[PDB]
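Given next, in structure tokens, is a single chain: the form deposited in one PDB entry.
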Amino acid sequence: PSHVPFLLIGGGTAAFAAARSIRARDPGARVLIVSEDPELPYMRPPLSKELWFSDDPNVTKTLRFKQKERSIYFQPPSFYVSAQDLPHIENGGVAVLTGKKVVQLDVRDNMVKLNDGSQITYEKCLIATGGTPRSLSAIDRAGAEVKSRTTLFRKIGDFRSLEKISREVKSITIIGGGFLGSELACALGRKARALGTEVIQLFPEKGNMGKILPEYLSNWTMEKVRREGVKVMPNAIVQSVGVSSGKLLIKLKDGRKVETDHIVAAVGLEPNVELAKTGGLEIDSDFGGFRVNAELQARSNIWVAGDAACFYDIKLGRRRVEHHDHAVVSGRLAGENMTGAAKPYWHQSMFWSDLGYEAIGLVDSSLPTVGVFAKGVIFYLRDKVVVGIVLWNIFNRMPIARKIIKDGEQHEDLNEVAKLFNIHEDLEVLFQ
């Protein structure tokens, strides 16, 4: 189309959530999603979890999993309208222009240019470009043999290619100790403890989830990964990567050497901010991504949501969050504000990890932490105020955590706050 009322750049989780929100408030809305990915909008968490533990031998083809069985696609293709039928169809709809990249953003003229030369004008635009997986400098300096045997896990194709590799090679090494590195380690370890193959995980931190959880909970997570058969090598920094006798040779800075067949690099995300140049949009030098206000707005007719959005939290300060529920929350918020809602980010996004624990706010191990265990609650503190909470094996209490974050009180005794999560007897308080 040459003109569309609502334009969403990027065909991921934030864009879809915004599409459903625009349609929910403007039942006749005409929303066009422009996605460089050839696949329709889909969720990513199953690509490192449920899709690996399915009994169906056609999961790599069906892309279905159990929760209740469902697909990773947000809705079936029949629910979308054609991009050619979007400006004419009665009652509007949602169309997805797959295989097309917005390469230019003209803010003053409310216009975008696609990679094929097409030009589309909009009335209201959302940037939901997500991010690209970061690579290691050591791997970039290496040759094609190393780069071609290194996987950057993000898309459906990465799940299929890596799932295929796990059935062909004897050893796979995961670099990175965050969520993605840990979840792929457990997934490959289970598949490896049956076929007799090897799975290695190495990262610079002292333990898995070191940059998120306190030292004690980080060590416990590392032990749960080791119980799945994974060889976890903490305190590991990569110096070089090369090929030796057809095998990948990773020489660590501390001297150790790891021989493996394939590498999975899960070492963080880089926001996709290419459109900031042509659009004259500000990017945040501290957190990265597009700088937007509390309402996820960049300019009069441009919002930003998802991994790419650096927004202002009225209670916690400027942030950029890179997880699924936040893309849904911020995507929905942008869609409402694109229909005049003028709402600030207020309902905090959360995340969880079945090992299980829930989490909300500024979960950063660099902050002072106070863990209260009986099951436990970990308070992340800044200026004597609770800015982050982790509920360790405590369920149906996230609303309580939302109130604490929202109140912003300087509590005099966090053991009393623990009572709000039913933590009373045999209290073991930990500090870090």
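Numbering starts at 1 and runs along the sequence shown. We call the rigid core whatever largest set of C-alpha positions still superposes within 1.5 Å between the two forms.
The following text describes the form deposited in another entry, which does not appear among the structures shown.
Undergrad: Using a superposition on the rigid core, decide whether the Cα position of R397 changes by 2 angstroms or more between this form and the one not shown.
TA: Shift at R397: 2 Å or more after core fit.
Undergrad: Given a superposition on the rigid core, I'd like a yes or no on whether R25 shifts its C-alpha by 2 Å or more between this form and the one not shown.
TA: Shift of 2 Å or more: no.
Undergrad: Would you say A418 moves its Cα by 2 Å or more between this form and the one not shown, aligning on the core?
TA: Yes.
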